[PDB]
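Keep in mind that the numbers below use all heavy atoms, side chains included, and drop hydrogens, waters and symmetry copies. Proteins get letters first, then strands, A, B, ... in listed order; numbering begins at 1 in each.
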2 protein chains.
Amino acid sequence: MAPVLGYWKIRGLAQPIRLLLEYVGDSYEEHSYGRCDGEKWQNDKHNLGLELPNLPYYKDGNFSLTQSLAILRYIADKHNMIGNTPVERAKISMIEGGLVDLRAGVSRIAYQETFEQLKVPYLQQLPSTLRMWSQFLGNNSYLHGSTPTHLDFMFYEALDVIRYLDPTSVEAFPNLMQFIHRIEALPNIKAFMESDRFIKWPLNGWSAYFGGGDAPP
Amino acid sequence: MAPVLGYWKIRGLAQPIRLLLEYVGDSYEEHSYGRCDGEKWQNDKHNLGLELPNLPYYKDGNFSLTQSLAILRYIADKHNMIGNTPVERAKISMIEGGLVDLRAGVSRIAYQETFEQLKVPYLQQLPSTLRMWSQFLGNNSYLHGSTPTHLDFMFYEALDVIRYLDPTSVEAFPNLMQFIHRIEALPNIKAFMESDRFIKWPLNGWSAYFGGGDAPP
Ligand SMILES: N[C@@H](CCC(=O)N[C@@H](CS)C(=O)NCC(=O)O)C(=O)O
Ligand SMILES: N[C@@H](CCC(=O)N[C@@H](CS)C(=O)NCC(=O)O)C(=O)O
Ligand SMILES: [Zn+2]
Ligand SMILES: [Zn+2]
């Protein structure tokens, strides 16, 4: 019995954790809740023993966790990706926070029925947001240090979702386009994404007006 | 030139940082932006050399940070409050993310015109969330370990903001009320709350329909 990752059968908040685990090659099992599996989650949520029940959850025998960033960080920490001194640990936590915000900017408007109109000031403001990430990355291959960390898988998934929302926005920054292909070329990431384990869709929860439904529109 | 904390002159995301800095008694300068000090922020932002510009920011010498949780954790890390093992560190990250959600539940709805109608489902769901937190605190004085951490100040603030929105919701859980009085009695915190540094209002941005404007309604 490997460590279990529990989440909706969507990319959402779990995709970076899935990408990280496949990158480092660790053993894990997913317990995936499909669109009609709400009751089953209601049962686990009551019975699993989670101290702060939520999705996603992570459970390895008696040890359990909720909160996407806590679970990412637990795996990142087992691999020495959360930095070495108070200054570095803090820098890494900043970058995390910004990447949380970058993904959630999509999430915040994607469930709204007025998505198509919220999209317009979203795209007016996005170039300055992408510019800041594009300048922060500069000509480094990765966000922090010289090898892939959890930060890169957060950043990847946010850039891939935004590129699907509006490709021209992301194409204005050559280094963010090259980052995207660099991650998809990491051999473990490429093998994952070619496997039947990979959830390509939906981006958000099924009920979203952008990146929802069972299949791309 | 002690450490600068920069933020709008609101409680919002920085209040727990102020309460923590106060609690450990470390020296710090606040640069506050008032409701029409927005142009000022843009100019400062221009010069602060922030890698990922935002508010709140924290700056000490040539070390700068954004993201509220990363600032909180840097201060907490310098005081041994982020945990001393991988399981522990992770657990603390999970509680933080929970507390981020707890406070953001109010912000999500507070800016909308339709706040008063969003409020109805919110308070339908609120007792089982408060119940989750009440059981997790259980008999302890503090959320994690036996002395106060950044966690407690995040929790205190979120509880106070919810107390305001609906006093009857929080009064149902005696251990949570006691928690609030405990935090309030802490000598450095009492002194802080009696000083004219202390920001009691607004809870959120001035433009919010709840916990906004110039004064309690
Ligand atoms: N801040 C949390 C958000 C988790 C959350 O909101 N989960 C949603 C799906 S994205 C959910 O279905 N939670 C379980 C529930 O509502 O019972 C995190 O990062 O894990
Ligand atoms: N997740 C971020 C959110 C920061 C944020 O949105 N800050 C707002 C105020 S609460 C802001 O005014 N940012 C300044 C700017 O965008 O220039 C954090 O926790 O610090
Ligand atoms: Zn590993
Ligand atoms: Zn100190």
Side-chain angles (χ1 to χ4, degrees), chain A residues 15-17 19-20 22-25 69 72-73 75-77 79-106 122-193, chain B residues 42 44-54 57-59 61-67 70-71 74:
Chain A
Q15 195 77 338
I17 297 161
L19 291 163
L20 175 68
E22 299 276 343
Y23 171 70
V24 304
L69 187 61
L72 260 197
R73 283 194 135 251
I75 305 148
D77 200 337
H79 299 86
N80 308 316
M81 297 167 182
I82 60 101
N84 271 113
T85 50
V87 157
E88 197 192 5
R89 283 196 297 265
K91 251 54 153 102
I92 286 169
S93 279
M94 172 182 68
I95 297 156
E96 287 169 357
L99 293 176
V100 176
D101 295 344
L102 177 65
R103 175 71 181 75
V106 173
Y122 172 80
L123 300 184
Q124 289 170 2
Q125 123 109 341
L126 182 57
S128 65
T129 298
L130 296 175
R131 183 149 44 247
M132 165 192 80
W133 285 106
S134 182
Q135 299 177 358
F136 180 80
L137 181 70
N139 283 308
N140 299 154
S141 291
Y142 305 109
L143 281 175
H144 195 69
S146 61
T147 54
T149 69
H150 62 302
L151 308 179
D152 300 298
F153 303 109
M154 297 174 78
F155 187 41
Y156 165 84
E157 169 74 0
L159 296 170
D160 195 44
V161 169
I162 289 164
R163 169 176 68 181
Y164 184 84
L165 171 24
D166 188 70
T168 70
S169 292
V170 186
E171 294 170 338
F173 308 94
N175 69 334
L176 298 187
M177 305 300 302
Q178 298 197 277
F179 179 80
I180 283 169
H181 297 285
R182 179 179 305 115
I183 301 292
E184 296 169 347
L186 293 175
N188 281 4
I189 298 304
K190 186 178 184 283
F192 173 46
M193 290 184 159
Chain B
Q42 292 304 327
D44 289 348
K45 164 159 140 151
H46 192 91
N47 301 138
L48 265 10
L50 303 174
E51 301 151 292
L52 298 165
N54 221 332
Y57 69 83
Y58 176 91
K59 195 172 186 180
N62 288 311
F63 180 56
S64 72
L65 281 182
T66 53
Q67 296 290 144
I71 300 163
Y74 173 69

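A donor-acceptor pair is defined here as one N or O able to donate and one able to accept, closer than 3.5 Å; no such pair exists between the side chain of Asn175(A) and the backbone of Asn139(A). Judged by distance alone, the side chain of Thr149(A) and the main-chain N or O of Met81(A) form no donor-acceptor pair under 3.5 Å. Side chain of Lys59(B) to main chain of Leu48(B): a donor-acceptor pair is present (N/O by atom type, distance under 3.5 Å, no hydrogens or angles). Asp152(A) contributes a side-chain N or O that, together with a main-chain N or O of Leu143(A), makes up a donor-acceptor pair within less than 3.5 Å. At distances below 3.5 Å, at least one donor-acceptor pair connects side-chain atoms of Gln67(B) with backbone N or O atoms of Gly98(A).
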Inset, instruction - Kindly indicate, with the supporting measurements, whether the criterion side-chain contact (heavy atoms from CB on, under 4.5 Å) is fulfilled by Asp160(A) and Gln15(A). - result: CA-CA 11 Å; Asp160(A) 195 44; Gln15(A) 195 77 338; over 6 Å; no
Legend entry - Pair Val100(A)-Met154(A), side-chain contact (heavy atoms from CB on, under 4.5 Å): steps then yes or no: CA-CA 8 Å; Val100(A) 176; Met154(A) 297 174 78; 4.0 Å; yes
Legend entry - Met132(A)/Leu52(B) under side-chain contact (heavy atoms from CB on, under 4.5 Å): CA gap, chis, key distance, verdict: CA-CA 7 Å; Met132(A) 165 192 80; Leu52(B) 298 165; 4.0 Å; yes
Legend entry - Worked check of side-chain contact (heavy atoms from CB on, under 4.5 Å) between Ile180(A) and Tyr156(A): CA-CA 6 Å; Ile180(A) 283 169; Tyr156(A) 165 84; 4.0 Å; yes
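Put simply, the residue from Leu72(A), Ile189(A), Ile17(A) that forms a side-chain contact (heavy atoms from CB on, under 4.5 Å) with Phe153(A) is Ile189(A).
Rounded to the nearest 0.5 angstrom, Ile71(B) CD1 and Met94(A) CE are separated by 9.5 Å. Distance CD1/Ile82(A) to CD1/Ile75(A): 13.0 Å, rounded to 0.5 Å. Taken to the nearest 0.5 Å, the OH atom of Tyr122(A) stands 5.5 Å off from the CG atom of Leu165(A). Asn188(A) CG to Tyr23(A) OH: the interatomic distance, rounded to the nearest 0.5 Å, is 8.0 Å. Rounded to the nearest 0.5 Å, atoms CG (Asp101(A)) and OG1 (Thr129(A)) are 9.5 Å apart. Distance check: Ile162(A) CD1 to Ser169(A) OG gives 8.5 Å after rounding to the nearest 0.5 Å.
Annotation: side chain of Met193(A) is not in contact with side chain of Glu22(A) (no heavy-atom distance under 4.5 Å). Residues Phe155(A) and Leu102(A) form a side-chain contact, since some pair of their non-hydrogen atoms from C-beta on lies under 4.5 Å apart. Between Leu137(A) and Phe173(A), every side-chain heavy-atom pair lies at or beyond the 4.5 Å cut-off.
Sorted by first and then second residue, the salt bridge (charged side-chain N to carboxylate O under 4.0 Å, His left out) pairs involving residues 164-185 of chain A (not counting sequence neighbours) are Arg163(A)-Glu184(A). Sorted by first and then second residue, the salt bridge (charged side-chain N to carboxylate O under 4.0 Å, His left out) pairs involving residues 91-100 of chain A (not counting sequence neighbours) are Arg73(A)-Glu96(A), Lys91(A)-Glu51(B).
Considering every non-hydrogen atom in both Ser93(A) and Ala70(B), the closest pair reads C-CB, 3.6 Å. Contact between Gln125(A) and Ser128(A) at its shortest, heavy atoms only, is O-OG, 3.1 Å.
Between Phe179(A) and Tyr142(A), the angle of the ring planes goes over 60°, which puts this pair in the perpendicular group of the 30/60° scheme. The aromatic rings of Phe63(B) and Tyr58(B) stand perpendicular to each other, their planes meeting at an angle above 60°, with 30° marking the opposite boundary.
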